[PDB]
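Asks:
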Amino acid sequence: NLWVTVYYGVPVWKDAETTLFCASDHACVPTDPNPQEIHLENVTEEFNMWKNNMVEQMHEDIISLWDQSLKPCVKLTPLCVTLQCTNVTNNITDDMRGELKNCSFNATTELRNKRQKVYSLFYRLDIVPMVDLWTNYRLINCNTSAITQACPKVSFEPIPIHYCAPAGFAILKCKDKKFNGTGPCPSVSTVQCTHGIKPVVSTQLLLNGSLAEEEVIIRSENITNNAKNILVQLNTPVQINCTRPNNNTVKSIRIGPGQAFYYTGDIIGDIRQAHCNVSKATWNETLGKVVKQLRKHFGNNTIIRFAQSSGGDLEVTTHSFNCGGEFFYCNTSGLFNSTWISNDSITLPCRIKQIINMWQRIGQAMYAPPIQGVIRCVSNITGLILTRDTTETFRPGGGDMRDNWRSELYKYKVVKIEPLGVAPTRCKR
Amino acid sequence: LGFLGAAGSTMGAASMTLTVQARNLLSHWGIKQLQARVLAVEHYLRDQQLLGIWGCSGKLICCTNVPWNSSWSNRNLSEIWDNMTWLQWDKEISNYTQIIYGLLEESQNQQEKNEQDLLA
Amino acid sequence: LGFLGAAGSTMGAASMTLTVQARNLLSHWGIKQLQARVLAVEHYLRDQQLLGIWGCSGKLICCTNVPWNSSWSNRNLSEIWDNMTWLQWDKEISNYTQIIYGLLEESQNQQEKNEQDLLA
Amino acid sequence: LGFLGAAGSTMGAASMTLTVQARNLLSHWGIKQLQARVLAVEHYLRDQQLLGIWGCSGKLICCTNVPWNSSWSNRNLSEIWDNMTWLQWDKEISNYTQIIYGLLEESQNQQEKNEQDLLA
Amino acid sequence: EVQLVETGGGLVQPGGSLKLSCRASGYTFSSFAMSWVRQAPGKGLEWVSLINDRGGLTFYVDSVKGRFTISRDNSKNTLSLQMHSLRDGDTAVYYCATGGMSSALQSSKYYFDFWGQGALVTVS
Ligand SMILES: *[C@@H]1O[C@H](CO)[C@@H](O[C@@H]2O[C@H](CO)[C@@H](O[C@@H]3O[C@H](CO)[C@@H](O)[C@H](O[C@H]4O[C@H](CO)[C@@H](O)[C@H](O)[C@@H]4O)[C@@H]3O)[C@H](O)[C@H]2NC(C)=O)[C@H](O)[C@H]1NC(C)=O
Ligand SMILES: *[C@@H]1O[C@H](CO[C@@H]2O[C@@H](C)[C@@H](O)[C@@H](O)[C@@H]2O)[C@@H](O[C@@H]2O[C@H](CO)[C@@H](O)[C@H](O)[C@H]2NC(C)=O)[C@H](O)[C@H]1NC(C)=O
Ligand SMILES: *[C@@H]1O[C@H](CO[C@@H]2O[C@@H](C)[C@@H](O)[C@@H](O)[C@@H]2O)[C@@H](O[C@@H]2O[C@H](CO)[C@@H](O)[C@H](O)[C@H]2NC(C)=O)[C@H](O)[C@H]1NC(C)=O
Ligand SMILES: *[C@@H]1O[C@H](CO[C@@H]2O[C@@H](C)[C@@H](O)[C@@H](O)[C@@H]2O)[C@@H](O[C@@H]2O[C@H](CO)[C@@H](O)[C@H](O)[C@H]2NC(C)=O)[C@H](O)[C@H]1NC(C)=O
Ligand SMILES: *[C@@H]1O[C@H](CO)[C@@H](O[C@@H]2O[C@H](CO)[C@@H](O)[C@H](O)[C@H]2NC(C)=O)[C@H](O)[C@H]1NC(C)=O
Ligand SMILES: *[C@@H]1O[C@H](CO)[C@@H](O[C@@H]2O[C@H](CO)[C@@H](O)[C@H](O)[C@H]2NC(C)=O)[C@H](O)[C@H]1NC(C)=O
Ligand SMILES: *[C@@H]1O[C@H](CO)[C@@H](O[C@@H]2O[C@H](CO)[C@@H](O)[C@H](O)[C@H]2NC(C)=O)[C@H](O)[C@H]1NC(C)=O
Ligand SMILES: *[C@@H]1O[C@H](CO)[C@@H](O[C@@H]2O[C@H](CO)[C@@H](O)[C@H](O)[C@H]2NC(C)=O)[C@H](O)[C@H]1NC(C)=O
Ligand SMILES: *[C@@H]1O[C@H](CO[C@@H]2O[C@@H](C)[C@@H](O)[C@@H](O)[C@@H]2O)[C@@H](O)[C@H](O)[C@H]1NC(C)=O
Ligand SMILES: *[C@@H]1O[C@H](CO[C@@H]2O[C@@H](C)[C@@H](O)[C@@H](O)[C@@H]2O)[C@@H](O)[C@H](O)[C@H]1NC(C)=O
Ligand SMILES: *[C@@H]1O[C@H](CO[C@@H]2O[C@@H](C)[C@@H](O)[C@@H](O)[C@@H]2O)[C@@H](O)[C@H](O)[C@H]1NC(C)=O
Ligand SMILES: *[C@@H]1O[C@H](CO)[C@@H](O)[C@H](O)[C@H]1NC(C)=O
Ligand SMILES: *[C@@H]1O[C@H](CO)[C@@H](O)[C@H](O)[C@H]1NC(C)=O
Ligand SMILES: *[C@@H]1O[C@H](CO)[C@@H](O)[C@H](O)[C@H]1NC(C)=O
Ligand SMILES: *[C@@H]1O[C@H](CO)[C@@H](O)[C@H](O)[C@H]1NC(C)=O
Ligand SMILES: *[C@@H]1O[C@H](CO)[C@@H](O)[C@H](O)[C@H]1NC(C)=O
Ligand SMILES: *[C@@H]1O[C@H](CO)[C@@H](O)[C@H](O)[C@H]1NC(C)=O
Ligand SMILES: *[C@@H]1O[C@H](CO)[C@@H](O)[C@H](O)[C@H]1NC(C)=O
Ligand SMILES: *[C@@H]1O[C@H](CO)[C@@H](O)[C@H](O)[C@H]1NC(C)=O
Ligand SMILES: *[C@@H]1O[C@H](CO)[C@@H](O)[C@H](O)[C@H]1NC(C)=O
Ligand SMILES: *[C@@H]1O[C@H](CO)[C@@H](O)[C@H](O)[C@H]1NC(C)=O
Ligand SMILES: *[C@@H]1O[C@H](CO)[C@@H](O)[C@H](O)[C@H]1NC(C)=O
Ligand SMILES: *[C@@H]1O[C@H](CO)[C@@H](O)[C@H](O)[C@H]1NC(C)=O
Ligand SMILES: *[C@@H]1O[C@H](CO)[C@@H](O)[C@H](O)[C@H]1NC(C)=O
Ligand SMILES: *[C@@H]1O[C@H](CO)[C@@H](O)[C@H](O)[C@H]1NC(C)=O
Ligand SMILES: *[C@@H]1O[C@H](CO)[C@@H](O)[C@H](O)[C@H]1NC(C)=O
Ligand SMILES: *[C@@H]1O[C@H](CO)[C@@H](O)[C@H](O)[C@H]1NC(C)=O
Ligand SMILES: *[C@@H]1O[C@H](CO)[C@@H](O)[C@H](O)[C@H]1NC(C)=O
Ligand SMILES: *[C@@H]1O[C@H](CO)[C@@H](O)[C@H](O)[C@H]1NC(C)=O
Ligand SMILES: *[C@@H]1O[C@H](CO)[C@@H](O)[C@H](O)[C@H]1NC(C)=O
């Protein structure tokens, strides 16, 4: 009765892992002016963030670009010498005691038979109290890898990157406003390329990301498993104002044939600690919303407590971020010190470092040239990364950057188009 | 009316947008992009080679001489082509697909040899 | 008589050298060599896919069922085909091209469905 | 029954495995691998283009209108097909190949123009 | 309830032309093939012409093959037949009927499901 009929151009697909390419406005494809989203009126599909390979590709490309940008920059190997460090001749407040040191050293110069005396200011965190010879201290990473100076012409602005499908593939987007990262999504659309995602690198407080459309959303791979992180997306931003209120004079020297080293010469005015401001009421409302949602996963007649990280190094116990090119490490214990049972602002002290590792790696370091003048930046807190220990206790986490990327890519899936298929009809040759 | 727009529609409707999907099959830093272009081409060519083997070259809708052994799917036309979407159909008869492809290949080989002996 | 030798001749003459041009469409330091080879293939395949969509697969000359609306060009058959080269023709009807391609696509879809019903 | 299994068999037997071989034509460090993948595609496409030129597109066994000038091989159809393997045949008539291919192309060009003139 | 209503012509002279039309309602018009069946006043039924549901495919009996045109308009739910050269032998009731063919993703037909009442066409 019925015969096999072959159809080509059949609108079906399978889950797939393929190579994605980027587009933007060091460079790849020009940003596509029109993503051409297609609604797919009756398509329901299953999404599963945390098993999403788009995350791994974003991870690898961001790190690779970071490394490529340092290839032509000065390698500060002539500076791994003993230092002679003493205290700073200025008005230093208690919060800065001691925090800074005035270090002199013998630098190489343009000619090999010449040497020069240079002194500069260092943060205590960038030096180690060793040597114990004629001199006191050496630079932190001259016992692991050599430091590379970032080129002064290169900014670290998080310019957004779009991720585009290759021919034969498509990206499906979940538009369900209540989607928690996994399972069926009743409203799915097809796009050619994702929206631009800003490669913002930070730890416990996610900055400048997307907000939830209606309500705070708590997403976790396994909510009852303390080994998993909890990504909390806010439906409202919390504004945070960060500053480094010290007017730096930046000087430079040649350490070799075309190799210029940058350093802080001195500080104009009083010396004060860098800090960030979070409005107090706003923060209290934000937590109240988070608590209401946590109570839907945990017992309702419960107690939710917030606490500061219990340990690890500066990279994970603080809020790490880039503010105007400087690297801040802010103490958030002022944000996560409360218990919730059934024009004020919060100031977060911030530490500054010039020699950073960025990624969780051993063999690389970077020196961030100090910046002339005074730095101020304003960012939006768009989500939190929390971990969990009656009374449930939550603490800031976020050491693995993949989680920052998951908070933006959770709504996208890659599928392979399989246009060939068969079905019975009455038609025969 | 765009790419995969008909994916949630019934097979009897979706069969009219075959050109929409067919047109979306073709088009160190920069190497992975070149690799992606090469593999997209290879997948395209394999589908075209297979259609050629079955005698479906050059067409989007190809009728054959192989019958539908009910053991693969015992649903009637006015279920398959009025209710199910191609995605639900593909899942239903995913298992018994290599069997169908094998039958289509044999059918075409018999047809090519029969024709050679009718042009004699 | 070689590649593009007929470019300066009239359309009615040039049409006899279609195989000459068709045969010349195929075949970090050095990476650009691969990029060039890959794009030559991609362009070739797009032309072949399009001929497939229109039902012209496998032919260099393909007649269709779409009629020539005079608005595209009202020149009579012996002002086009023995008084005008292909280069001048392409310029004459450049704007009205995507229209024709769209019509050819629709024509073939109508043709494929009708045939299927006749083979029941 | 596998790839090239029929290579030592007579032409009259080997001709039944054409799909076996056809399916084995498709599928700084890493560049030589891309080069190998690209050339596999280019060789495939040239064979397909040539079959298209000759009017053999979409089929594995193509009869034509070109006759066998005995000066190519004056052997008879119980020797060529029952006593010779494709490898031996290919060697026998390797000299006179770019004559046959030229004739096949010419024959098809005439067939296309005659067919357009009939459809008028 | 399915209805087919012929709104045809009347008495015409031989060698001229007459156009019939049929309006349909109660079902999706576009889902069905349609045909005309003829009945001479003293005879049985004769199939005359068939048209596909999308209007692309038409078939006729040899006796009217070079004379009749069958058409369709799916926006107006209308079936029509234009007859030329009107033989006296074409006097008959012309019935509008639904069925006679399917579209090869549908269950088969090859019978008629619905009938109109018929237009009477008389050729002098
Ligand atoms: C979250 O989003 C906000 C809003 O976009 C973002 O704040 C922006 O940060 C950039 C970088 O610090 C600011 O850009 C600078 O603006 C000053 C204005 O005086 C300019 O002078 C700067 O130019 C000098 O430095 C460049 C190198 O960085 C040189 O290339 C240049 O030649 C100059 O010497 C530079 O343009 C921008 O103004 C703010 N925007 C606002 C509204 O304040 C914040 O950084 C994001 N947060 C995170 C964590 O990413
Ligand atoms: C139609 O199929 C039956 C059984 O189908 C088998 O199982 C189905 C689920 C699916 O996988 C089919 O492709 C399988 O063939 C056939 O009956 C059997 O056929 C095989 C050979 O194909 C034979 O070895 C068995 O002994 C047969 N008996 C059984 C177990 O039913 C039947 O021959 C097929 N008919 C047609 C028209 O192809
Ligand atoms: C043939 O062309 C005329 C003119 O159409 C214009 O030029 C064509 C190349 C194309 O660009 C059309 O979109 C242009 O309008 C057509 O006449 C007009 O067609 C449009 C679209 O159908 C319609 O809105 C106008 O009312 C028409 N005007 C007239 C004077 O009739 C004509 O329809 C074309 N015929 C065919 C076979 O498509
Ligand atoms: C069949 O071939 C004969 C012999 O042709 C020679 O061998 C062929 C394989 C090829 O290499 C030819 O070019 C050789 O000439 C043909 O007889 C000759 O044909 C050519 C034209 O092709 C002509 O110039 C010669 O004068 C002819 N005479 C000889 C014996 O050399 C014969 O015409 C061919 N028949 C067909 C069907 O084309
Ligand atoms: C760091 O130490 C240097 C000396 O090595 C200080 O520089 C001198 O400052 C005095 C004034 O107090 C001047 O008279 C000298 O000419 C300066 N010497 C040089 C080489 O510049 C410097 O002021 C100290 N800086 C801080 C912040 O303590
Ligand atoms: C580079 O120097 C640092 C600082 O001295 C080393 O870290 C210390 O290691 C000792 C054990 O040998 C611990 O007792 C200290 O508490 C560590 N200090 C800090 C601040 O963590 C580091 O191991 C050295 N790296 C290499 C490769 O030798
Ligand atoms: C962050 O908040 C502090 C308050 O805790 C602000 O400090 C005040 O700034 C004004 C204006 O310069 C001074 O008059 C007050 O005396 C300061 N108060 C204290 C306690 O120091 C600070 O300006 C805010 N700023 C940011 C992020 O730049
Ligand atoms: C943020 O500041 C608080 C002080 O308010 C630090 O908390 C103290 O940590 C020491 C151990 O180093 C404990 O002995 C004290 O009892 C803690 N004080 C309080 C009030 O709890 C905290 O360690 C700092 N966190 C970071 C990341 O710098
Ligand atoms: C099509 O089938 C529908 C369900 O009935 C039955 O189950 C399917 C799987 C077939 O095996 C069929 O033969 C059985 O009747 C019926 O509701 C529907 O009426 C059937 N329609 C037609 C056109 O037969
Ligand atoms: C073809 O027409 C010639 C004049 O061309 C006129 O103008 C061109 C631009 C077109 O619009 C064309 O249709 C017009 O008629 C005549 O000189 C010539 O003899 C005609 N040839 C034939 C075959 O009729
Ligand atoms: C095919 O040829 C067979 C052998 O024929 C002889 O040997 C070959 C090598 C040539 O030299 C030929 O001229 C000789 O006559 C015949 O036994 C057989 O019948 C032939 N078959 C046909 C169809 O011709
Ligand atoms: C340090 O503070 C004293 C007041 O205690 C002031 O007289 C002196 O000028 C200040 N020095 C600097 C470098 O600001
Ligand atoms: C230098 O600063 C440290 C830390 O604040 C302090 O303990 C030490 O006594 C100071 N020494 C001098 C000479 O000022
Ligand atoms: C997310 O929602 C799905 C709905 O089916 C549920 O099964 C899953 O447990 C939820 N996961 C979390 C972390 O809330
Ligand atoms: C979550 O972790 C617990 C650990 O005891 C395990 O029993 C449970 O099955 C896990 N749930 C999921 C969804 O992985
Ligand atoms: C940040 O600075 C703006 C002025 O640029 C001010 O209006 C806003 O209140 C400040 N935000 C916080 C949290 O202090
Ligand atoms: C934060 O919410 C708690 C709810 O128990 C309330 O007691 C506390 O006063 C609130 N603080 C602010 C600044 O609103
Ligand atoms: C939790 O308590 C609220 C009232 O504060 C109630 O509306 C909600 O349904 C309760 N949820 C559960 C799981 O008991
Ligand atoms: C938490 O709040 C209490 C209020 O009594 C205060 O004593 C304590 O120092 C605070 N802890 C932190 C880390 O700020
Ligand atoms: C730093 O001090 C110098 C003194 O010459 C002044 O020109 C400059 O504007 C100051 N910068 C800031 C940010 O206060
Ligand atoms: C924070 O969100 C508001 C939403 O109205 C937006 O206007 C503002 O630019 C955002 N701030 C940053 C730093 O992106
Ligand atoms: C989706 O299903 C509804 C019936 O619930 C139907 O009316 C609509 O046309 C369907 N849309 C598509 C794209 O198939
Ligand atoms: C299609 O699905 C609807 C809802 O399940 C059902 O009422 C109808 O009978 C189905 N039609 C057929 C026969 O496939
Ligand atoms: C397809 O095969 C899998 C694995 O044997 C089996 O679990 C599933 O039931 C099969 N489905 C069908 C359609 O028979
Ligand atoms: C160039 O024009 C002349 C004159 O009409 C003609 O004889 C010659 O064949 C033309 N050249 C080509 C390549 O057609
Ligand atoms: C070319 O066109 C012109 C203008 O219509 C005409 O006079 C001339 O005869 C044409 N020549 C040929 C060879 O068609
Ligand atoms: C095509 O359109 C452009 C812009 O309107 C115009 O300049 C050009 O002359 C047109 N060409 C044709 C072939 O009509
Ligand atoms: C090999 O040749 C022998 C005759 O010597 C024949 O019987 C056998 O079938 C041939 N084998 C194959 C694979 O063709
Ligand atoms: C060809 O035929 C001869 C007959 O003597 C036989 O010996 C030889 O093995 C055959 N060769 C093949 C390839 O079958
Ligand atoms: C082909 O030509 C070469 C020329 O060297 C010759 O040796 C060979 O035997 C010829 N083969 C045949 C006769 O096909």
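Residue numbers (our numbering), protein chains in the order written: chain F, 103 to 531; chain D, 126 to 245; chain P, 126 to 245; chain Y, 126 to 245; chain H, 12 to 135. Backbone N, C-alpha and C define an ideal beta-carbon position, used for all residues, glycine too.
Leaving out five residues on either side along the sequence, give the residues of the same chain with a beta carbon under 8 angstroms from the beta carbon of H/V23.
Replies: Counting from one through the fifth sequence, the residue named residue 23 of chain H turns up at place 12. The residues are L29, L97, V132, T133, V134, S135.
Asks: F/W385 by DSSP, collapsed to three states: which one?
Replies: Stepping through the first sequence from its first residue, residue 385 of chain F is reached at position 283. In this structure, F/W385 counts as helix in the three-state DSSP scheme.
Asks: Does any heavy atom of ligand 16 sit closer than 7 angstroms to the C-beta of D/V166?
Replies: The sequence position of residue 166 of chain D within the second sequence is 41, counting from 1. No, the Cβ of D/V166 stays beyond 7 angstroms of every heavy atom of ligand 16.
Asks: For D/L212 and F/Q170, what's the separation of their Cα atoms in angstroms?
Replies: Residue 212 of chain D sits at position 87 when you count from the first residue of the second sequence. Residue 170 of chain F sits at position 68 when you count from the first residue of the first sequence. If you take the alpha carbons of D/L212 and F/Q170, they lie about 43 angstroms apart.
Asks: Report the residues of the stretch 138–153 of chain D with a CB closer than 9 angstroms to any CB of chain F, ordered along the chain.
Replies: Of all residues in the stretch 138–153 of chain D, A139, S140, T142, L143, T144, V145, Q146, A147, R148, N149, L150, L151, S152 have a Cβ within less than 9 angstroms of some Cβ in chain F.
Asks: Quick test of your reading: F/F429 and F/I458, contact by CB under 8 angstroms. State the CB separation rounded to the nearest angstrom.
Replies: Here the question's residue 429 of chain F lines up with position 327 in the first sequence. Here the question's residue 458 of chain F lines up with position 356 in the first sequence. About 5 angstroms; that satisfies the 8 angstroms criterion.
Asks: At a cut-off of 7 angstroms, would you count F/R453 as near ligand 13, judging by its Cβ distance to the nearest heavy atom?
Replies: Counted from its first residue, the first sequence places residue 453 of chain F at position 351. Not so, every heavy atom of ligand 13 lies at least 7 angstroms from the Cβ.
Asks: Compare the Cα-Cα distances from F/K513 to each of F/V290, F/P260, F/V183, F/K391 and report the closest residue.
Replies: Here residue 513 of chain F corresponds to residue number 411 of the first sequence, with the count starting at 1. Checked all of F/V290, F/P260, F/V183, F/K391; the closest Cα to F/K513 is F/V290.
Asks: Any idea if P/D215 is buried or exposed, counting beta-carbon neighbours within 10 angstroms, 16 or more meaning buried?
Replies: Taking the third sequence and counting its residues from 1, one reaches residue 215 of chain P at position 90. Burial call: exposed.
Asks: Measuring CA to CA, which of F/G298, F/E147, F/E158 is closest to F/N136?
Replies: Taking the first residue of the first sequence as 1, we reach residue 136 of chain F at position 34. Residue F/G298 is the option with its Cα nearest to F/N136.
Asks: When the Cα atoms are used, what is the spatial distance from P/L126 to P/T142?
Replies: For the purposes of this step, residue 126 of chain P is identified with residue 1 of the third sequence, where counting begins at 1. For the purposes of this step, residue 142 of chain P is identified with residue 17 of the third sequence, where counting begins at 1. C-alpha separation (whole angstroms): 8 angstroms.
Asks: Along chain F, which residues have their Cβ under 7 angstroms away from the Cβ of P/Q241?
Replies: Indexing the third sequence from 1 puts residue 241 of chain P at position 116. Going along chain F in sequence order, the residues near P/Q241 (Cβ under 7 angstroms) are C529.
Asks: How do the stretch 253–260 of chain F and the stretch 231–240 of chain F stand: do at least 3 beta-carbon pairs fall below 8 angstroms, yes or no?
Replies: As far as the Cβ criterion goes, the stretch 253–260 of chain F does not touch the stretch 231–240 of chain F, which means the pair count is below three.
Asks: Using beta-carbon positions only, say whether F/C276 and F/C295 come within less than 8 angstroms of one another.
Replies: To locate residue 276 of chain F, count along the first sequence from 1; it is residue 174. To locate residue 295 of chain F, count along the first sequence from 1; it is residue 193. For F/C276 and F/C295, no; Cβs fall outside 8 angstroms.
Asks: If you draw a straight line from the C-alpha of D/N220 to the C-alpha of H/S74, how long is it?
Replies: Looking up residue 220 of chain D in the second sequence gives position 95. Looking up residue 74 of chain H in the fifth sequence gives position 63. Approximately 52 angstroms between the Cα atoms of the pair.
Asks: Would you check whether ligand 11 has a heavy atom nearer than 7 angstroms to the C-beta of Y/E204?
Replies: Mapped onto the fourth sequence, residue 204 of chain Y falls at position 79. Checking the Cβ of Y/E204 against ligand 11 gives yes.
Asks: Hey, is D/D207's beta-carbon within less than 8 angstroms of any beta-carbon in chain F?
Replies: Numbered from its first residue, the second sequence carries residue 207 of chain D at position 82. Closer than 8 angstroms: no.
Asks: Using only CA atoms, which one of F/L522, F/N506, F/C529 lies nearest to F/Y109?
Replies: Locating residue 109 of chain F in the first sequence gives position 7, where the first residue counts as 1. That would be F/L522, whose Cα lies nearest to the Cα of F/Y109.
Asks: I'd like the span of the alpha helix (DSSP H) that includes P/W211, first residue to last.
Replies: To locate residue 211 of chain P, count along the third sequence from 1; it is residue 86. From DSSP, the alpha helix (DSSP H) with P/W211 extends over 211–217.
Asks: Can you confirm whether D/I178, when its beta carbon is compared against all beta carbons of chain F, has any partner nearer than 8 angstroms?
Replies: By 1-based counting over the second sequence, the position of residue 178 of chain D is 53. By this cut-off, D/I178 is not an interface position.
Asks: Which class does H/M112 belong to by DSSP, given the choice of helix, strand or coil?
Replies: Residue mapping note: residue 112 of chain H aligns to position 101 of the fifth sequence, counting from 1. Coil.
Asks: Which residues of the stretch 168–195 of chain D have a Cβ closer than 9 angstroms to any Cβ of chain H? Give them in chain order.
Replies: Listed by position, the residues of the stretch 168–195 of chain D near chain H (Cβ gap below 9 angstroms) are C188.
Asks: Who's in the neighbourhood of ligand 3, going by beta-carbon under 7 angstroms from any heavy atom, listed in chain order?
Replies: Residues flagged by the Cβ proximity filter: P/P192, P/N194, P/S196, P/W197, P/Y221, P/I224.
Asks: Could you compute how far the alpha carbon of residue 532 of chain F sits from the alpha carbon of D/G133?
Replies: Missing from the structure shown is residue 532 of chain F; chain F here goes from 103 to 531 and no further.
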